[PDB]
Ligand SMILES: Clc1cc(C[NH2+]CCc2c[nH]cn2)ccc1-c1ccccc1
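In the form solved without the named molecule, a lone chain appears below as structure tokens.
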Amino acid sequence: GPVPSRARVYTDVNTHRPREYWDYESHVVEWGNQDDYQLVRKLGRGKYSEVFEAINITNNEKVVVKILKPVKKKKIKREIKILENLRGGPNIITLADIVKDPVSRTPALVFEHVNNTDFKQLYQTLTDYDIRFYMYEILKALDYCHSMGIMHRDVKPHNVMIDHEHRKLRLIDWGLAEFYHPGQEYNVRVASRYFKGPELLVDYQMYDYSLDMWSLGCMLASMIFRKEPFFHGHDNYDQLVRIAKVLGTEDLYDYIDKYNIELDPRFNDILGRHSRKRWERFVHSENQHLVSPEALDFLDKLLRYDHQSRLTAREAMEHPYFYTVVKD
């Protein structure tokens, strides 16, 4: 059987919290007034919810309303409990209210509004300094939620709302987030394909906060190298092959051998043999203004096969890449 694993930091935070902190199945939702919120325009639709811009008519301020599609009550309670636990934290989206939508017959979560620019266009304009600044801001949110016993499990550009005018960032969409408990086996069907960590792609269930650090490394690689997404797999099997063409197959085998994991035999025909690459091969004249020795070393320390070898969020914030970022 597989070798067990523990987070190297914040391992026992939920153990010593009161049970009501992490026992979301017992959470009692405090419902607000559904008539406080007038929907203005639909912003998007996903498989789990629809998202609207709305106005809170008690203060005439914009809010964002996520009306959930039918899903399990425990998953709705999990997201609500996590949002309430994290509320007030650095760069965490604020849950302002929870109401019962009379049409959908489901809960509607009401969030603070961020005047965001879509990442496709925003990422074309970010400078080297901007990328370091916003990476540091994401790390504040990730160290906070990890320190609070929670892994986000869906870090990707679409879930980082940036108001570039005010240099404001919020980490959003906590619907896949979970409480970390030592020894717990988790569902590997989390995160978006391009941001899935190797642990998910080899079906290793006893993972932890370090998953979010792989996803963040994938974001960083796409930004400094101007290739979005960086690891561009056509399915979950090809995703691991794309990773192995950069990190190499020998260290992939070291990873699965450490945890006494077997690869899916369907990789026998597609994985090949690949040396580990040096990050300098991805630098060219059109991205070199975003690349520095510090950026490559930082990236190299996030993108490790072994989840136990990745920088923690706090360690990442100590990295020389962030020395040029102004801290007040």
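Residue positions are given as counts along the sequence shown, with the first one as 1.
Only in words, not in the display: the form solved in complex with the named molecule, which the text now covers.
Taking the partner from elsewhere, no residue among 213, 243 and 302 has a non-hydrogen atom within 4.5 angstroms of the named molecule in the deposited complex. This chain is drawn without the named molecule; in the deposited complex, the residue among 206, 148, 96, 126 with a heavy atom within 4.5 Å of it is 126. With the partner removed from view, the residue among 247, 86, 160, 141 that has a non-hydrogen atom within 4.5 Å of the named molecule in the deposited complex turns out to be 160. For residue 223, a non-hydrogen atom is located within 4.5 Å of the named molecule in the deposited complex, even though that partner is not displayed. The named molecule in the deposited complex is approached by residue 135, whose closest heavy atom lies within 4.5 angstroms of it.
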